Each structure stands twice: as structure tokens, then as C-alpha cells.
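The sequence shown runs 338 to 378 under this note's numbering.
C-beta atoms are modelled at their ideal positions from N, C-alpha and C, and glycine is treated no differently.
Input: a single structure, listed below in C-alpha cells.
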Amino acid sequence: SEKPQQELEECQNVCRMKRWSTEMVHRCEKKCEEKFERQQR
């Protein structure tokens, strides 16, 4: 890749470290993935 995906790995790793149900962990990850892509607003 070209973008600083190094930060994404952190956001994801954190979501998986959450004490919530798989559903909460799933959304979190998918969120950090979409929130990473530019022009998201």
C-alpha cells in the first residue's frame, strides 16, 4: 500500500481486544477500515 496503514493495524487490534460480543468487534473493525479511507465525509 501507499497510505499509512500502520495506524489501521492498531485500530483493528484494539477492536479485537474489546470485551464486547463478536458483533461489536466486527462493526468496530469494519468501521476503522472505512474511516481510514479518505473522502469519508
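In the displayed model, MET361 falls within a helix according to three-state DSSP. Residue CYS365 holds the alpha-carbon nearest to the alpha-carbon of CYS348 among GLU374, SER338, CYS365. In the displayed model, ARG356 falls within coil according to three-state DSSP, outside both helix and strand.
Take the alpha-carbon of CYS369 and the one of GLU339: they are about 17 Å apart.
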